[PDB]
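In what follows, a structure is listed as structure tokens, so that the remarks can point back to it.
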Ligand SMILES: CSc1ncccc1C(=O)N1CCCC1
Ligand SMILES: CSc1ncccc1C(=O)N1CCCC1
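Residue numbers (the deposited numbering), protein chains in the order written: chain B, 1 to 152, 170 to 317; chain A, 1833 to 2069.
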């Protein structure tokens, strides 16, 4: 179990760690989060109390280094940093634990929620979507735009998700216009899976990362990517059986985790009704359709 | 974006554009089978592709053989229309290709956009106007060439005859839409009006009779009366 110590908490802030969150008061004796499960990526995220604008955060994997948080009073945010001095870090953490200055990652033993949300998400792929190669962790915030959003403005600060456009020469084979537009299997299986992602695990990893960014940061672009990747599968007549079964599980846990009161800002009526009720896969997502119909029947 | 009554005059500027109407591409008669079920029999159709500034009509005849063995024909018809319009654009020299294509029905937007991805600078636009182009098969010489076709065929017409020698393309389009609206609302009467005077003939190389300017005014008035007449008969006004 790993630890992300905090130097201090000088401004009042709501701190998220994965699907959990807690309030820290201004100058409260808070010095970080312990007992973080090894084996998964994690995200630690922030919303300042005095300006809920700019929610932001950091994706990280404690196996890749020793990371801590320190508030920067010039740039006005909590920054993730790497400590290269291993013995310094271990000594810092131990003192904070002995003084019980850390909150515990509050994982219930029955609970696989975080695994199920991050099953295919890897740090190496996060770092290709979010380009800042001098750090081992990745910053994301509410305002960052995707490459697709910018085609339609600072490129160093973009989310490099795979572009998905249904009316694009990449999506549509000359001479198969109607075929490829009404059945997107060529685009899914040949262009995207065989060609760009190489395998379904990488595709699901980007889908899951886009959902998590959309939900934790209120990032609109990430929400568009997430919906686009779902629709591309549901709008394909030929999808491997194992991919459909896994997609149903992925979406089930995403819908299960969504705040009930954000379903207006995180769910696209058109995509979901199309996917569950009109698409080729309308009958292949039993778990997702049941939780959607019982939790968000208004949207449908 | 969409073409409506506010931007109506853009049709007659010097940017090449085409209207595409697909309402006569897939045509059927519905009949009873020996077992008392219902079936359809397709008949030849046509794509109506019109330059409203010059009157040039590219009439692509859709022969019933293109439907053989195909499913979901009303949906296929929109994609076949888009395929043929794209093929027509590619056949034209660059300097004759349209800058805009206006579709009369919104269901043609995606099929035509997809077939025209190679032409990103050609705008595909809908219209809010209710244009009477469905009545093109009430023009006798157009209906004749469509029904006689034994194979796919493109036939070229000027739907304005020689009108542009004497009137502008705004006025010519207005005359055309009035004639088509009349033929659409009461074909028998409209044709009666157009041919009631045997001394006015249709030249072999024209679609409409050789009316003088003064006679067109009478004709146009008789057509408005017909449209108003039918409006009253329809609504009991
Ligand atoms: C997840 S999108 C989001 N979330 C939080 C705050 C604002 C937005 C946003 O830009 N939205 C645009 C359409 C739906 C909401
Ligand atoms: C990933 S979908 C996306 N992303 C960024 C900006 C716009 C869109 C979007 O909804 N689009 C609809 C048609 C093509 C673009």
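For every residue, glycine included, the Cβ atom is placed at its ideal position computed from N, Cα and C.
Item: Cutting at 6 Å between CB atoms, please list the residues of its own chain near residue 35 of chain B, excluding the five before and the five after it.; Value: 1, 104 and 105
Item: Identify the residues that DSSP records as bridge partners of residue 23 of chain B: which are they?; Value: B:14
Item: Could you please go through the chain and list the residues whose beta-carbon is closer than 6 Å to any non-hydrogen atom of ligand 4?; Value: No copy of ligand 4 appears in this structure; the ligands present are ligand 1 and ligand 2.
Item: Please tell me whether residue 2030 of chain A has its Cβ less than 9 Å away from any Cβ of chain B.; Value: no
Item: What does residue 1916 of chain A touch in chain B if you count any residue whose Cβ is under 8 Å from its own?; Value: Those within 8 Å of residue 1916 of chain A in chain B number zero; the least Cβ separation is about 12 Å.
Item: Name the residue from B:143, B:172, B:317 and B:205 whose alpha carbon lies nearest to the alpha carbon of residue 182 of chain B.; Value: B:205
Item: Can you grab the Cα-Cα spacing for the pair residue 2018 of chain A / residue 2045 of chain A, in whole Å?; Value: 24 Å
Item: Please list, in chain order, all residues of the same chain as residue 29 of chain B whose beta carbon is under 7 Å from its beta carbon, the five residues on each side excluded.; Value: 101
Item: Taking Cβ positions, are residue 273 of chain B and residue 312 of chain B nearer each other than 9 Å?; Value: yes
Item: Which stretch, first to last residue, makes up the alpha helix (DSSP H) that contains residue 71 of chain B?; Value: Segment 67-72 is the beta strand (DSSP E) holding residue 71 of chain B; no alpha helix (DSSP H) there.
Item: Using a Cβ cut-off of 8 Å, pull out every chain A residue sitting near residue 184 of chain B, in sequence order please.; Value: 1942, 1945, 1946 and 1949
Item: Is the beta carbon of residue 1852 of chain A sitting closer than 9 Å to the one on residue 1963 of chain A?; Value: no
Item: Look up residue 149 of chain B in the DSSP assignment and say whether it is helix, strand or coil.; Value: helix
Item: For residue 241 of chain B, is the classification buried or exposed, using 16 other Cβ atoms within 10 angstroms of its Cβ as the cut-off for buried?; Value: buried
Item: Comparing C-alpha positions only, which one of B:84, B:75, B:55 and B:56 sits nearest to residue 68 of chain B?; Value: B:84
Item: By the 10 Å Cβ neighbour count, where 16 or more other Cβ atoms means buried, how is residue 223 of chain B classified, buried or exposed?; Value: buried
Item: Return the bridge partner residues of residue 59 of chain B from the DSSP annotation.; Value: B:43 and B:138
Item: Does residue 1858 of chain A come out as helix, strand or coil in the three-state DSSP assignment?; Value: coil
Item: State the DSSP-derived secondary structure class of residue 1924 of chain A, mapped to helix, strand or coil.; Value: coil
Item: Can you tell me which of the three DSSP states residue 33 of chain B falls into?; Value: strand
Item: Please confirm whether residue 123 of chain B and residue 179 of chain B have their CB atoms less than 9 Å apart.; Value: no
Item: Residues of chain A with CB closer than 8 Å to the CB of residue 194 of chain B, please, in chain order.; Value: 1911, 1914, 1915, 1943, 1946 and 1947
Item: Are there any heavy atoms of ligand 1 lying less than 8 Å away from the beta-carbon of residue 51 of chain B, as far as the coordinates show?; Value: no
Item: Roughly how far, in whole angstroms, is the beta-carbon of residue 1979 of chain A from the beta-carbon of residue 1876 of chain A, given that I think they are within contact range, below 8 Å?; Value: 6 Å
Item: Going along chain A in order, which residues have a C-beta closer than 7 Å to the C-beta of residue 189 of chain B?; Value: 1946 and 1949
Item: Work out the CA separation of residue 174 of chain B and residue 318 of chain B for me, nearest whole Å.; Value: No information on residue 318 of chain B is available, as it lies outside the stretch 1 to 317 that chain B covers here.
Item: Under 8 Å Cβ to Cβ from residue 1929 of chain A, same chain only, skipping five residues before and after it: list those, please.; Value: 1848, 1921, 1951 and 1954
Item: Using only the alpha-carbon positions, how far apart do residue 1898 of chain A and residue 129 of chain B sit?; Value: 47 Å
Item: Is there contact here, the stretch 285-300 of chain B with the stretch 1891-1906 of chain A, by at least three beta-carbon pairs under 8 Å?; Value: no
Item: Anything in chain A within Cβ reach of residue 198 of chain B, meaning under 9 Å, just list it in chain order.; Value: 1911, 1942, 1943 and 1946
Item: With a 10 Å radius around its C-beta and 16 neighbouring C-beta atoms as the bar for buried, classify residue 230 of chain B as buried or exposed.; Value: buried
Item: What would DSSP say about residue 2 of chain B, mapped onto helix, strand or coil?; Value: strand
Item: Should residue 1908 of chain A be flagged as near chain B, meaning a C-beta pair shorter than 9 Å?; Value: yes
Item: Please name the residue in A:2025, A:2020, A:1874 and A:1890 whose C-alpha comes closest to that of residue 1902 of chain A.; Value: A:1874
Item: Keeping to the same chain, check which residues put their C-beta closer than 7 Å to that of residue 1854 of chain A; ignore five residues upstream and five downstream.; Value: 1879, 1909, 1910, 1913, 1937 and 1940
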